[PDB]
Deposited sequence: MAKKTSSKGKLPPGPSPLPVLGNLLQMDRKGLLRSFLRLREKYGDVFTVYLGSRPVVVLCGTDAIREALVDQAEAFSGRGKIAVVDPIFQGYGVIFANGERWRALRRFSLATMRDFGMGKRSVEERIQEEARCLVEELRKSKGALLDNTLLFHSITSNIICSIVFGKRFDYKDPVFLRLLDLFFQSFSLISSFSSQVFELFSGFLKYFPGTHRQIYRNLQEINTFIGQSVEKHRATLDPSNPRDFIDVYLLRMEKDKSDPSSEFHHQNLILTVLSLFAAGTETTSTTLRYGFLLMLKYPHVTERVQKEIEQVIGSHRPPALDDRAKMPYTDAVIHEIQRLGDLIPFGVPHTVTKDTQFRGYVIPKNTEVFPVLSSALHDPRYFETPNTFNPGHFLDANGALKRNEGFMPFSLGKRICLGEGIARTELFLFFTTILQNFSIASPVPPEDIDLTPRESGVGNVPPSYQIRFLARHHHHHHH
């Protein structure tokens, strides 16, 4: 009645059949024996696992709603308690997404321009290093955050700013701890381990502190608010609160505002950052690729005017590189968890309503049916015989269906504009030779090795 599962022990679950190397590696080892769709016991609760493009499409697109439910991540659930855009369910999630999607769609300068602007800052910043060795971590987390900040707070912060950097520091320290092997162990046995000291308490304090600053910004916004002339996501949300003053059954209250703003930073910054970081890592290893991208820039955009999003349709090779950067990136390898909305019928099995489903986004991105060389950087994977962009059914790095990444538009806009703007202005080099670069990296999120890079100016 459930997908073929290994014989679990009570309380402990399928522990003894896991691999020590991490969940993901645990899931892929099982897939070998138990097929494309199986069941594993993470403690006392079971979860359906989906491997391969088809299984994920069959569930998330074809049974879109059935698989529209959100699961908890034990290490952050104390913070979120099922409020906010990412971790809400039912009406709470629907109303909020409907609100979020529409609102981002709008300093009165469109999302494109704010990203173009942010890119100019980065270009001005990178010149100052005047060719020095640098670890692009801090810069990349900083630019992506400014976009979210510009959407929700209605401003951006300088890179040298001390206070910005500290909240930022502890924000990304939280993720690194969420992706830790310790957070994965916590997922299995949280019910026992929440009374012990562990990384979960550090994650709890780091985030609660971020929320404090968010709250303060809400108040300051509320005190300065001009209803006739809104400025950002919060200003808007505030006016929808006043609108719904009469209704207690409404979802638009304080607690949802806070965890939503937290949610936007949680999703909007970390993955977008690591992609650029992985991208340049890859671009250091393959000079022949970057030369081509720079050549494609020289022909279409030139060495003068900055890149616009319009330019992408005319730049199929760069776009394909970015596609392949995201493919190999594999930054969310088994995805944000899902749950079923009703007792669902799937491939002849019965997934009882409320059963967690792990759509393994890694297996899709390395699917040999869709990608000739699944373990090699191959921009060809996305280029037809005429050298034009071709989409692929295995390319689902933003997942699929009703839960599809809400910021896909914004994310891709950032990748393209950031890559083309940096590379238009700087050639790249590093202490490590291309042949000696190793890419293999962690848990819920992938995090590739930290590296050092020179951003050499061009003129």
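Since the structure holds only modelled residues, which stretches of the deposited sequence does it leave out? According to the record, the gaps fall at 1 to 9, 116 to 118, 454 to 455, 474 to 479.
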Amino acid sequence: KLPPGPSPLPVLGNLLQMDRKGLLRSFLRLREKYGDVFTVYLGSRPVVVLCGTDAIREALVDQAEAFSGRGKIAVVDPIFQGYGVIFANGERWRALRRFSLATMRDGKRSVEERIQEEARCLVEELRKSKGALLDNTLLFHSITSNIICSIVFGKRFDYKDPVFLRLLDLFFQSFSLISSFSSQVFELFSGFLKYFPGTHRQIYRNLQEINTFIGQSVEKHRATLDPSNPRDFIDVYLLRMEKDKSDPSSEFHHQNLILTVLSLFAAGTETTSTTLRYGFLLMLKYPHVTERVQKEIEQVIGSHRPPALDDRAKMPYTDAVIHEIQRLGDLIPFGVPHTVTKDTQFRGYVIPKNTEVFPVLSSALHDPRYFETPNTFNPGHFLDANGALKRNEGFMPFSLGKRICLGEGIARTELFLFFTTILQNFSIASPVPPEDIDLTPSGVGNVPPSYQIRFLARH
From here on, numbers count along this sequence of modelled residues.
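I need to verify one thing: averaged over C-alpha atoms only, is the B-factor higher for 420 to 428 or for 54 to 62? In the deposited entry, the stretch with the higher C-alpha B-factor mean is 54 to 62.
Please work out which of 318 to 326 and 121 to 129 has the higher mean CA B-factor as recorded in the PDB entry. According to the PDB entry, the answer is 121 to 129.
Between 362, 273, 250, 375, which carries the biggest CA temperature factor in the record? The C-alpha B-factor peaks, among 362, 273, 250, 375, at 250.
Hey, out of 30, 396, 406, 415, whose CA B-factor is highest in the deposited coordinates? Max CA B-factor in the entry, restricted to 30, 396, 406, 415: 30.
Determine, from the deposited record, the chain-internal third of the Cα B-factor for residue 153: lowest, middle or highest. Within its chain, residue 153 is a middle-third residue by C-alpha B-factor, going by the deposited values.
Considering every modelled residue of the chain and its Cα B-factor in the PDB entry, is residue 262 in the lowest, middle or highest third? Tercile = lowest for this residue's CA B-factor.
Lowest, middle or highest third: where is residue 106 by Cα B-factor in its chain? It falls in the bottom third of the chain.
Cα B factor band for residue 242 (lowest, middle or highest third within the chain): It belongs to the highest third of the chain when residues are ordered by C-alpha B-factor.
In terms of the CA temperature factor given in the entry, to which third of its chain does residue 112 belong: lowest, middle or highest? Highest third - that is where residue 112 ends up once the chain's C-alpha B-factors are sorted.
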